[PDB]
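Single-structure report; data block below.
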Amino acid sequence: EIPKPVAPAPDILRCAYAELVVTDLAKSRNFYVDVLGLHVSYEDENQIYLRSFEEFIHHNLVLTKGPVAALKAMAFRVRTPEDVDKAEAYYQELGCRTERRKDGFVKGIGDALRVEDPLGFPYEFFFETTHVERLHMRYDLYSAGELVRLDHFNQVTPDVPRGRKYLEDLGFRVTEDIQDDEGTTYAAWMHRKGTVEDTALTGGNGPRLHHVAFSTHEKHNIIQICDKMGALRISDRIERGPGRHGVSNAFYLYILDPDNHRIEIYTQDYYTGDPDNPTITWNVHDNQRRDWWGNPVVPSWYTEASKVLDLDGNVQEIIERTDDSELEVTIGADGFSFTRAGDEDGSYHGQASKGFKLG
Amino acid sequence: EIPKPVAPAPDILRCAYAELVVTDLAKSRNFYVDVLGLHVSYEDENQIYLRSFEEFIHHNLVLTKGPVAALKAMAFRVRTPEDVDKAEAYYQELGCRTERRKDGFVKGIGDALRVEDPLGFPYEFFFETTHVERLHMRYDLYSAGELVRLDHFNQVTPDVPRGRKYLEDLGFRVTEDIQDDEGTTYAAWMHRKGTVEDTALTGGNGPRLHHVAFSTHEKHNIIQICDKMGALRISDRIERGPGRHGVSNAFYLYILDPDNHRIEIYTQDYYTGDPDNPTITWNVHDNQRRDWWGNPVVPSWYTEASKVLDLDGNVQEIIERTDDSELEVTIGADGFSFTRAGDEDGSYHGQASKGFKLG
Amino acid sequence: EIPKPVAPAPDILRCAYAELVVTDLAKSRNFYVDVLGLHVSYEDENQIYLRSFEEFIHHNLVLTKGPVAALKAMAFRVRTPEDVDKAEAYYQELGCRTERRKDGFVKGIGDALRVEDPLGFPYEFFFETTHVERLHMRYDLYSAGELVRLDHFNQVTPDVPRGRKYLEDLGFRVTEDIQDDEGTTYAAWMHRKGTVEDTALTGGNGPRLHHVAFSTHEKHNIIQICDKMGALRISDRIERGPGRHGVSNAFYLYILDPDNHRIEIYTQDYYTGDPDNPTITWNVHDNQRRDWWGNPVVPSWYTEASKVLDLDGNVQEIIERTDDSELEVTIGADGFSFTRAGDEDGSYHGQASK
Amino acid sequence: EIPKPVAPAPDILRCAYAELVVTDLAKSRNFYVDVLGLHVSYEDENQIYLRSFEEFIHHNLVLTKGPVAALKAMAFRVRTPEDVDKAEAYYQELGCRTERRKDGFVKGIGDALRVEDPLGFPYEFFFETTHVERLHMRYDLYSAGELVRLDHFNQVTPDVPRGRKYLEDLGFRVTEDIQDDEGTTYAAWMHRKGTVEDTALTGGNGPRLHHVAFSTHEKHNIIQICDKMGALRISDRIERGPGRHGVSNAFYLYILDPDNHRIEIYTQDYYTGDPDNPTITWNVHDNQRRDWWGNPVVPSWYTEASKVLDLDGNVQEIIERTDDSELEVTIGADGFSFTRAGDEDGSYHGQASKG
Ligand SMILES: O=S(=O)(O)c1ccc(O)c(O)c1
Ligand SMILES: [Ca+2]
Ligand SMILES: [Cl-]
Ligand SMILES: [Cl-]
Ligand SMILES: [Cl-]
Ligand SMILES: [Fe+2]
Ligand SMILES: [Fe+2]
Ligand SMILES: [Fe+2]
Ligand SMILES: [Fe+2]
């Protein structure tokens with residue numbers, strides 16, 4: 001169990017950007033710019049800096065060329081310059097390695113702290129950032145599939161309660177979770193900015209990065225991404241969806257970048273900013289918890305996720321989950337799911353919903 | 001092979017209504033009225049008469065209580081009273097059983113002919129119908145999932161080219177179809193009213209009724225149907241979707257009524273009313289043909305369909321398809337499909353797309 | 001009254017394209033391509049040929065450079081090649097001037113008949129046209145404001161009953177109209193393809209072209225056109241809307257091109273294909289007939305419209321409407337309208353709504 | 001000028017509910033429940049307690065039968081019970097009249113402080129509230145016009161800078177405003193929850209309540225409200241819109257309840273939670289600032305607004321604005337507005353846009 005420091009936690013505002021290492025920068029650019037329509041803040045031979053339609057900070061996504069595709073940093077913006085100092089002190093007390101750069105790790109970020117957190121994830125905390133033209137009313141640029149915000153990250157980690165307690169001490173509040181009747185936690189969602197999530201924990205081998213999520217204004221915008229991917233004959237890069245979530249109540253889609261980094265497109269979750277916001281716990285065997293319409297969760301969604309780097313740029317070693325596997329208990333050979341609690345009708349034994357089994 | 005009569009074909013306007021036999025009228029009422037929001041034109045202990053939001057004829061759907069759930073009639077409106085006489089002459093020349101009732105078979109229909117057609121299907125042809133209040137501007141009644149029109153029927157039959165040729169002689173024009181490189185036809189779509197389909201043929205054991213389709217105004221209306229069925233904890237009655245079709249380009253959903261009759265909800269196909277409307281043929285192994293986003297077709301979609309009745313109310317005997325099965329050649333153990341023709345990446349062998357095999 | 005020819009009417013499928021004369025081709029191209037997103041089928045230094053997202057015929061709009069902005073032709077597709085011969089015999093019997101070009105008037109159209117019709121409008125009838133790539137599943141090209149079909153034309157003419165009867169003889173069926181209790185007709189809508197309209201008649205001084213209409217898939221696509229025009233700081237070229245129509249029940253917007261040609265964007269009217277489709281008549285004083293939400297109709301919408309050309313390319317002389325004016329009877333100084341019939345609450349007198 | 005207290009400001013989370021006095025409780029019920037689809041948390045013969053589709057606190061709107069239609073309270077939720085003590089100390093030092101009830105003023109609210117604030121408005125601050133079934137996934141109940149959240153209030157007040165400085169001290173941050181080139185401020189928007197606004201100030205005679213605003217998920221939900229009101233033949237209770245705002249960038253509609261209280265329906269503004277969120281200032285003569293599409297703003301939108309009560313239940317006296325009037329300088333007889341700055345084409349002298 002990760003102890004609560006004496007030092008005060010940094011005041012985190014929100015998730016702000018991710019730095020992803022990619023193997024072919026031009027292929028990646030084609031995906032995030034030509035397919036997804038993200039706005040280029042800066043680019044050169046080594047990096048692409050991208051932002052969403054409504055962003056005023058320099059970027060929400062940095063693509064960095066490197067030999068091994070991986071998450072290099074998931075970056076949170078903090079409330080003041082002094083909060084970056086607080087972050088350094090807090091993580092030092094946790095016994096974590098930290099690196100401080102007064103002039104930033106990436107362009108358009110100033111004083112920044114990166115840490116190898118207790119779950120092995122590379123986090124950044126910063127305040128200073130270059131403001132850019134906020135494109136929120138540039139409807140001359142607006143795409144039929146326009147990505148308007150960065151919304152959240154999702155992390156794969158083998159011990160969800162351990163992580164959850166650490167994120168609670170850092171000031172994140174859990175909005176929803178998935179548990180069973182035998183004491184196992186499979187997933188949790190937690191926030192700072194008053195939406196369902198800024199980060200989320202998914203039970204599995206880790207540290208790995210599950211996805212980064214961007215939002216759209218309306219559901220039809222998500223449908224358009226799917227439609228465009230069909231027209232580009234890259235529908236094989238739609239992993240799962242589109243759907244309605246149980247957890248979060250958002251309409252959603254998961255797609256895969258050229259290095260298999262998973263991106264979620266999301267819209268219309270709900271307000272969580274009250275401190276006693278009712279926490280919602282779903283049972284892992286409820287077949288409406290992940291897709292509210294009951295559609296089956298594709299097995300790659302549970303098994304595949306991105307490598308993460310340490311501060312030297314080396315891939316973090318994976319620690320195997322020993323708690324029960326959500327895949328196995330729901331759609332594997334001994335799995336079970338229900339539509340209506342206690343009703344045998346609409347239940348699934350040892351296979352997925354809608355007449356499918358695991359490939 | 002079905003000969004083309006010397007007698008003139010009736011001028012068919014559109015699909016107009018279906019009569020389905022249902023086993024429990026109150027449970028069927030709940031589904032069609034309380035879940036789906038269709039509007040009651042007439043009802044009693046034996047039947048419920050339903051119409052869509054923009055309809056002016058008496059009804060689009062008649063639920064008739066009986067012992068065996070089945071299609072009893074699929075009805076087309078013809079242009080003039082004289083076309084009913086033409087339908088009668090045409091089918092008598094084909095050597096089909098016909099029955100004529102000057103005062104209709106169901107309420108709100110007047111002079112009508114029912115026929116056991118050459119494919120075993122119970123067709124009705126009529127002109128006269130009782131006009132009712134057209135609810136098209138009754139936004140005080142409009143539901144978030146409102147069904148606005150009847151769009152089409154889909155019929156299962158063993159020999160698609162044989163049925164197609166017969167429908168062409170009747171004046172239906174083929175818009176899209178699905179074939180393979182060795183000359184098998186798996187499905188065909190054909191219209192009179194200048195949309196993609198008024199009826200459609202799906203290759204399989206027949207005669208059976210695949211579905212009846214209603215349209216909505218917008219894609220979010222279809223999303224709401226899914227969302228409501230989740231809230232009612234009947235997501236197990238969502239069979240397939242929602243999706244974008246390849247064939248037709250419509251946004252779609254398939255759901256199952258209490259007797260397992262399949263209902264499609266559909267919106268935003270394209271104009272086909274020009275006589276040289278370009279036909280579109282798809283390869284059966286193209287994994288974007290049915291769902292444009294490459295999502296897998298649930299196997300029940302290929303295997304299950306409603307019984308149909310003859311003019312005495314007995315179930316029509318089923319005849320086995322001997323051409324190749326669409327299920328088997330795409331998603332069965334020996335099936336295959338592709339995202340990009342010729343590309344092994346994004347292809348599926350011996351299972352469905354997205355990492356599933358047959359349950 | 002325009003007599004019915006004994007010659008059979010051509011079988012008209014739908015409205016197909018308009019040829020608009022424009023004064024500055026580059027400015028016009030910026031509006032129809034860069035702002036509105038129509039797809040180029042052909043261009044050169046004299047003309048731009050444009051189509052909507054789901055079209056397979058060569059074009060829905062031809063922009064032709066010329067000295068005076070005007071409608072040059074409103075073209076209907078007919079069902080077979082022989083229907084062009086029918087159209088020629090029909091308009092000849094009507095006493096109208098006609099011109100037949102076996103290889104077409106504009107690129108991508110074959111054998112074509114143009115006429116000065118009895119209302120003074122330049123109509124074209126054709127069958128043959130060059131097919132192009134139908135872009136209906138080209139979602140890589142799809143705009144947030146995408147125009148998906150050509151829907152209809154709207155003509156300004158002084159005597160609506162006279163024009164309506166002429167159109168009915170040609171096979172158009174009236175779907176909706178606007179009348180008063182005194183028996184005046186102010187407008188009528190009529191169709192061939194099974195929607196509310198392929199053309200429509202607006203009472204006023206004519207012949208003038210009121211607008212050309214394109215459809216979108218959804219309401220949000222119309223919203224996006226407005227939002228884009230705001231970002232381009234040309235919100236002054238939004239004339240009226242967005243709104244819900246009473247007549248037609250369609251969601252709508254009216255905008256002005258650089259020569260003040262009016263374009264409607266339109267979605268979600270209803271099916272009219274049955275021969276006994278119920279006809280709806282609105283009262284001219286009903287403030288929900290034009291905009292269902294009761295928003296006022298700007299006077300420019302009633303008074304302004306495009307010149308039309310004769311077959312020589314000269315402007316057609318205009319005839320003044322002598323029947324009552326819809327403008328005057330609803331929003332002029334002696335006009336009125338209501339929200340609920342016979343209720344002075346929500347009524348407007350000598351004054352527009354709201 | 002309103003001084004800044006030595007006492008620390010309460011930590012305000014968001015606008016939470018409004019209490020509106022209405023004259024005919026049945027007619028109001030019909031509007032808010034039958035037309036608009038709000039959900040009943042509690043009702044009796046004197047009061048209806050309503051909530052939006054995604055709310056879990058007891059209510060977002062209280063309709064209270066009374067003899068004079070008016071705003072009785074605009075309530076903000078604070079982060080902790082001790083924040084209600086802070087609000088009490090803060091307003092006392094301001095020399096504002098306060099009243100504190102441990103068991104609340106309305107049903108479903110616990111310990112609560114009401115104040116007559118320095119602008120004459122009745123604010124409530126509370127933490128304690130009765131939790132109710134969150135209906136956010138009750139799509140069996142979801143209306144085609146569904147109102148999903150309470151978004152904001154908008155207040156009419158004569159001196160916008162005076163008001164702004166006071167709200168800033170209280171911890172609200174200004175996101176957008178409307179000024180001219182002569183030093184006048186006509187309007188300002190400001191927030192706690194990270195949206196464009198929790199409350200907003202409109203320059204005018206006041207204190208008056210301009211409107212209360214509810215959100216929808218999508219733009220088509222607002223369009224459905226208009227379509228329904230047409231079917232119900234009450235399109236005359238549509239005041240302004242639907243439209244796209246300049247300020248806020250939100251899609252919007254303004255409608256009027258049976259006592260003429262103005263309700264806005266609103267969707268899809270942007271995130272403002274960062275402390276250095278760029279402030280946007282519009283010029284008052286910019287014809288895209290209120291409606292981005294340049295549709296004219298009807299003069300009733302500028303002149304009409306609801307009475308507000310003091311803590312005894314009496315109507316607050318109205319103080320006249322002496323700063324220039326937004327109405328007069330844009331759409332009055334000597335008004336002006338532009339489409340493109342510096343372009344005569346698309347400008348309007350002495351009248352509203354669009355004819
Ligand atoms: O403004 S109207 O409701 O009369 C109307 C209805 C349909 C149209 O296409 C139109 O331009 C005008
Ligand atoms: Ca268990
Ligand atoms: Cl999920
Ligand atoms: Cl399909
Ligand atoms: Cl405004
Ligand atoms: Fe997520
Ligand atoms: Fe279908
Ligand atoms: Fe029109
Ligand atoms: Fe507002």
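Note on naming: chains are A, B, ... as they come in the structure tokens, residues start from 1 per chain, ligands start from 1 in the order shown.
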Report task. Write out as a list in words every residue belonging to chain B that has an atom at most 9 Å from any atom of chain C, counting only C-alpha atoms. Result -> residues 13, 14, 54, 55, 56, 77, 78, 79, 80, 131, 134, 136, 137, 149, 193, 194, 217, 218, 219, 246, 249, 268, 270, 271, 273, 274, 275, 277 and 278 of chain B
Query raised in the report: Can you list, as an NGL selection string, every residue of region 69-256 of chain A that DSSP puts in strand (DSSP E)?
Result: :A and (70-78 or 98-101 or 112-116 or 122-126 or 149-157 or 173-179 or 185-191 or 199-203 or 208-215 or 238-244 or 251-256)
Report task. Would you mind listing the residues within 10 Å of ligand 9, counting only C-alpha atoms and all ligand atoms, as number ranges by chain? Result -> D: 151-155, 189, 196-202, 210-214, 245, 247-248, 250, 252-254, 262-266
Dump C-alpha atoms for the selected residues as a PDB file, in the first residue's frame?
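Saved to again_0.pdb:
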```
ATOM      1  CA  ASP D 151     -26.086  25.747 -16.377  1.00  0.00           C
ATOM      2  CA  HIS D 152     -26.255  29.404 -15.141  1.00  0.00           C
ATOM      3  CA  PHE D 153     -28.062  32.525 -14.041  1.00  0.00           C
ATOM      4  CA  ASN D 154     -27.863  35.941 -15.657  1.00  0.00           C
ATOM      5  CA  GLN D 155     -28.473  39.069 -13.618  1.00  0.00           C
ATOM      6  CA  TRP D 189     -19.622  36.401 -17.890  1.00  0.00           C
ATOM      7  CA  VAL D 196     -18.247  29.926 -19.623  1.00  0.00           C
ATOM      8  CA  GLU D 197     -20.607  30.971 -16.812  1.00  0.00           C
ATOM      9  CA  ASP D 198     -22.248  30.271 -13.510  1.00  0.00           C
ATOM     10  CA  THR D 199     -23.598  33.721 -13.371  1.00  0.00           C
ATOM     11  CA  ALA D 200     -23.376  36.689 -15.714  1.00  0.00           C
ATOM     12  CA  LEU D 201     -24.048  40.391 -15.482  1.00  0.00           C
ATOM     13  CA  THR D 202     -26.133  42.279 -18.083  1.00  0.00           C
ATOM     14  CA  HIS D 210     -32.476  38.169 -16.760  1.00  0.00           C
ATOM     15  CA  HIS D 211     -32.832  34.381 -17.084  1.00  0.00           C
ATOM     16  CA  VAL D 212     -32.067  30.974 -15.756  1.00  0.00           C
ATOM     17  CA  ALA D 213     -30.332  28.565 -18.221  1.00  0.00           C
ATOM     18  CA  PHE D 214     -30.638  24.794 -18.706  1.00  0.00           C
ATOM     19  CA  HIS D 245     -23.995  32.878 -29.440  1.00  0.00           C
ATOM     20  CA  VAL D 247     -20.062  35.253 -26.422  1.00  0.00           C
ATOM     21  CA  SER D 248     -19.904  31.617 -25.036  1.00  0.00           C
ATOM     22  CA  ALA D 250     -23.133  28.059 -27.214  1.00  0.00           C
ATOM     23  CA  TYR D 252     -29.219  28.800 -27.562  1.00  0.00           C
ATOM     24  CA  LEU D 253     -32.882  29.556 -27.319  1.00  0.00           C
ATOM     25  CA  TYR D 254     -34.839  32.025 -25.124  1.00  0.00           C
ATOM     26  CA  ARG D 262     -37.069  33.977 -19.140  1.00  0.00           C
ATOM     27  CA  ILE D 263     -35.528  30.545 -19.538  1.00  0.00           C
ATOM     28  CA  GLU D 264     -32.517  29.940 -21.768  1.00  0.00           C
ATOM     29  CA  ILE D 265     -31.798  26.582 -23.297  1.00  0.00           C
ATOM     30  CA  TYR D 266     -28.079  26.221 -23.978  1.00  0.00           C
TER      31      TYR D 266
END
```
Query raised in the report: What residues have any atom no more than 8 Å from ligand 7 when counting only C-alpha atoms and all ligand atoms, and can you list them as a list in words?
Result: residues 152, 153, 154, 197, 200, 211, 212, 213, 264 and 266 of chain B
Report task. As a PyMOL selection string, list the residues of region 48-271 of chain C assigned to alpha helix (DSSP H) by DSSP on the backbone atoms of this structure. Result -> chain C and resi 82-93+160-169+219-231
With 10 Å as the cut-off and only C-alpha atoms counted, what is the closest atom pair between each nearby residue of chain B and chain D? Distances in Å to one decimal, ordered by chain and number, as a tab-separated table.
```
residue	atom	partner	partner_atom	distance
B:34	CA	D:140	CA	9.5
B:35	CA	D:140	CA	8.2
B:137	CA	D:231	CA	6.5
B:138	CA	D:231	CA	5.7
B:139	CA	D:228	CA	4.6
B:140	CA	D:228	CA	5.1
B:141	CA	D:228	CA	8.4
B:142	CA	D:144	CA	7.2
B:143	CA	D:144	CA	5.7
B:144	CA	D:144	CA	4.1
B:145	CA	D:144	CA	7.9
B:146	CA	D:144	CA	9.1
B:218	CA	D:220	CA	9.6
B:220	CA	D:220	CA	9.3
B:221	CA	D:144	CA	9.0
B:224	CA	D:139	CA	7.4
B:225	CA	D:139	CA	8.7
B:226	CA	D:139	CA	9.1
B:227	CA	D:139	CA	5.9
B:228	CA	D:139	CA	4.6
B:229	CA	D:140	CA	7.8
B:230	CA	D:139	CA	7.9
B:231	CA	D:139	CA	5.6
B:232	CA	D:140	CA	6.6
```
Write the residues of the preceding selection, restricted to C-alpha atoms, as a CSV table (one decimal), in the first residue's frame.
```
chain,number,residue,atom,x,y,z
B,34,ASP,CA,-44.5,1.6,-25.4
B,35,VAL,CA,-40.9,0.8,-26.5
B,137,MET,CA,-46.1,18.2,-37.3
B,138,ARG,CA,-47.3,16.8,-34.0
B,139,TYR,CA,-44.1,17.6,-32.2
B,140,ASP,CA,-46.1,17.5,-29.0
B,141,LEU,CA,-46.2,13.7,-29.6
B,142,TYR,CA,-42.7,13.2,-31.1
B,143,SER,CA,-40.4,10.8,-29.2
B,144,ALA,CA,-36.7,10.9,-29.1
B,145,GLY,CA,-36.7,7.6,-31.1
B,146,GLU,CA,-39.6,8.5,-33.4
B,218,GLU,CA,-31.8,11.4,-37.9
B,220,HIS,CA,-29.5,10.1,-33.1
B,221,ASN,CA,-33.0,8.8,-33.2
B,224,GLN,CA,-32.0,6.7,-28.6
B,225,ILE,CA,-33.8,3.4,-29.4
B,226,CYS,CA,-30.6,1.5,-28.3
B,227,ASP,CA,-30.3,3.8,-25.2
B,228,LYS,CA,-33.9,3.2,-24.2
B,229,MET,CA,-33.7,-0.6,-24.7
B,230,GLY,CA,-30.7,-0.4,-22.3
B,231,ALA,CA,-32.7,1.5,-19.7
B,232,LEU,CA,-35.5,-1.0,-20.0
```
Requested in this report: Please write out the residues within 8 Å of ligand 5 as a list in words, counting only C-alpha atoms and all ligand atoms.
Outcome: residues 245, 246, 247, 289, 290, 291 and 297 of chain D
Closest atom pairs, chain A residues within 9 Å of chain B, only C-alpha atoms, as a tab-separated table:
```
residue	atom	partner	partner_atom	distance
A:219	CA	B:220	CA	7.2
A:220	CA	B:219	CA	7.2
A:223	CA	B:244	CA	8.5
A:226	CA	B:293	CA	6.0
A:227	CA	B:293	CA	6.8
A:229	CA	B:293	CA	7.3
A:230	CA	B:293	CA	5.5
A:231	CA	B:292	CA	8.4
A:233	CA	B:340	CA	6.4
A:234	CA	B:339	CA	7.1
A:235	CA	B:293	CA	5.2
A:236	CA	B:346	CA	5.3
A:237	CA	B:346	CA	8.3
A:238	CA	B:293	CA	7.2
A:239	CA	B:354	CA	6.4
A:240	CA	B:354	CA	7.4
A:241	CA	B:295	CA	8.4
A:242	CA	B:242	CA	8.1
A:243	CA	B:242	CA	8.2
A:244	CA	B:227	CA	7.4
A:287	CA	B:235	CA	8.9
A:288	CA	B:230	CA	7.2
A:292	CA	B:230	CA	5.8
A:293	CA	B:235	CA	5.2
A:294	CA	B:235	CA	5.6
A:295	CA	B:241	CA	8.5
A:298	CA	B:355	CA	6.2
A:299	CA	B:355	CA	6.6
A:300	CA	B:355	CA	7.2
A:339	CA	B:233	CA	6.5
A:340	CA	B:233	CA	6.3
A:345	CA	B:236	CA	8.7
A:346	CA	B:236	CA	5.6
A:347	CA	B:236	CA	8.6
A:351	CA	B:359	CA	6.9
A:352	CA	B:359	CA	7.8
A:353	CA	B:236	CA	8.3
A:354	CA	B:298	CA	6.4
A:355	CA	B:359	CA	4.9
A:356	CA	B:359	CA	4.3
A:357	CA	B:359	CA	4.6
A:358	CA	B:356	CA	5.1
A:359	CA	B:356	CA	4.5
```
Query - Distance query residue 305 (chain A) at most 9 Å, only C-alpha atoms, self and fewer than 6 positions along chain excluded, as an MDAnalysis selection string - result: chainID A and resid 155:156 206 208:211 260:262
Please write the residues from the selection above to a file, keeping N, CA, C and O atoms, as a PDB file, in the first residue's frame.
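In the end it all went to result07.pdb:
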```pdb
ATOM      1  N   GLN A 155      -4.997   3.929 -17.968  1.00  0.00           N
ATOM      2  CA  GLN A 155      -3.806   3.198 -17.604  1.00  0.00           C
ATOM      3  C   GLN A 155      -4.119   1.757 -17.220  1.00  0.00           C
ATOM      4  O   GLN A 155      -5.051   1.504 -16.452  1.00  0.00           O
ATOM      5  N   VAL A 156      -3.343   0.819 -17.739  1.00  0.00           N
ATOM      6  CA  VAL A 156      -3.407  -0.569 -17.317  1.00  0.00           C
ATOM      7  C   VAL A 156      -2.379  -0.851 -16.210  1.00  0.00           C
ATOM      8  O   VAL A 156      -1.148  -0.606 -16.345  1.00  0.00           O
ATOM      9  N   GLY A 206       0.904  -4.491 -16.235  1.00  0.00           N
ATOM     10  CA  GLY A 206       1.353  -3.114 -16.480  1.00  0.00           C
ATOM     11  C   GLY A 206       2.645  -2.761 -15.752  1.00  0.00           C
ATOM     12  O   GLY A 206       3.178  -3.586 -15.018  1.00  0.00           O
ATOM     13  N   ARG A 208       1.114  -0.250 -18.575  1.00  0.00           N
ATOM     14  CA  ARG A 208       0.897   0.014 -20.006  1.00  0.00           C
ATOM     15  C   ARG A 208      -0.138   1.099 -20.152  1.00  0.00           C
ATOM     16  O   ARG A 208      -0.948   1.293 -19.240  1.00  0.00           O
ATOM     17  N   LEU A 209      -0.140   1.798 -21.289  1.00  0.00           N
ATOM     18  CA  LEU A 209      -1.148   2.830 -21.534  1.00  0.00           C
ATOM     19  C   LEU A 209      -2.304   2.221 -22.349  1.00  0.00           C
ATOM     20  O   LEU A 209      -2.094   1.706 -23.457  1.00  0.00           O
ATOM     21  N   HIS A 210      -3.495   2.283 -21.796  1.00  0.00           N
ATOM     22  CA  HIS A 210      -4.672   1.743 -22.501  1.00  0.00           C
ATOM     23  C   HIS A 210      -5.075   2.635 -23.647  1.00  0.00           C
ATOM     24  O   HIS A 210      -5.125   2.194 -24.824  1.00  0.00           O
ATOM     25  N   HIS A 211      -5.378   3.893 -23.328  1.00  0.00           N
ATOM     26  CA  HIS A 211      -5.693   4.864 -24.406  1.00  0.00           C
ATOM     27  C   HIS A 211      -5.538   6.301 -23.946  1.00  0.00           C
ATOM     28  O   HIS A 211      -5.421   6.616 -22.744  1.00  0.00           O
ATOM     29  N   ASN A 260      -0.288   1.014 -33.227  1.00  0.00           N
ATOM     30  CA  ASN A 260      -1.286   0.403 -32.333  1.00  0.00           C
ATOM     31  C   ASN A 260      -1.603   1.130 -31.047  1.00  0.00           C
ATOM     32  O   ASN A 260      -2.312   0.592 -30.199  1.00  0.00           O
ATOM     33  N   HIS A 261      -1.168   2.376 -30.902  1.00  0.00           N
ATOM     34  CA  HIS A 261      -1.664   3.203 -29.795  1.00  0.00           C
ATOM     35  C   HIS A 261      -3.151   3.418 -29.937  1.00  0.00           C
ATOM     36  O   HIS A 261      -3.616   3.758 -31.003  1.00  0.00           O
ATOM     37  N   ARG A 262      -3.888   3.143 -28.870  1.00  0.00           N
ATOM     38  CA  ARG A 262      -5.349   3.200 -28.897  1.00  0.00           C
ATOM     39  C   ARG A 262      -5.843   4.599 -28.567  1.00  0.00           C
ATOM     40  O   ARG A 262      -5.366   5.235 -27.583  1.00  0.00           O
TER      41      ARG A 262
END
```
Report task. Find the distance between CA of residue 110 (chain D) and CA of residue 20 (chain D) and write it in Å to one decimal. Result ->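 Computing the Euclidean distance for CA of residue 110 (chain D) and CA of residue 20 (chain D) yields 18.8 Å.
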Requested in this report: Could the residues of chain D within 8 Å of chain C, counting only C-alpha atoms, be given as a PyMOL selection string, please?
Outcome: chain D and resi 219-220+226-227+229-230+233-236+238-240+244+288+292-294+298+339-340+346+354-355
Requested in this report: Enter the distance from CA of residue 47 (chain B) to CA of residue 63 (chain B), in Å, rounded to one decimal.
Outcome: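 If I compute the distance from CA of residue 47 (chain B) to CA of residue 63 (chain B), I get 5.4 Å.
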Query raised in the report: What residues have any atom no more than 10 Å from ligand 1 when counting only C-alpha atoms and all ligand atoms, and can you list them as JSON, numbers by chain?
Result: {"C": [151, 152, 153, 154, 155, 176, 177, 178, 186, 187, 188, 189, 196, 197, 198, 199, 200, 201, 202, 210, 211, 212, 213, 214, 240, 241, 243, 244, 245, 246, 247, 248, 249, 250, 251, 252, 253, 254, 263, 264, 265, 266, 267, 269, 282, 284, 288, 289, 290, 291, 292, 297, 301, 302]}
Query raised in the report: Given a cut-off of 10 Å, what residues near ligand 2 show up using only C-alpha atoms and all ligand atoms, put as an MDAnalysis selection string?
Result: chainID A and resid 179:184 283:285 329 336
Query raised in the report: Which neighbours of region 46-54 of chain D fall inside 8 Å, counting only C-alpha atoms, when residues of the same chain fewer than 5 positions from it are skipped, and could you give them as a list in words?
Result: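 That gives residues 270 and 271 of chain A; 25, 29, 38, 39, 40, 41, 59, 60, 61, 62, 63, 64, 65, 134, 135, 136, 142, 146, 147, 148, 149 and 150 of chain D.
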Query raised in the report: How far is it from CA of residue 83 (chain A) to CA of residue 102 (chain A), in Å with one decimal?
Result: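 Atom-to-atom, CA of residue 83 (chain A) and CA of residue 102 (chain A) are spaced 13.7 Å apart.
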Report task. Write out as a list in words each polymer residue whose atoms come within 9 Å of residue 101 (chain A), counting only C-alpha atoms; drop sequence neighbours fewer than 4 positions from it. Result -> residues 105, 110, 111, 112, 113 and 114 of chain A
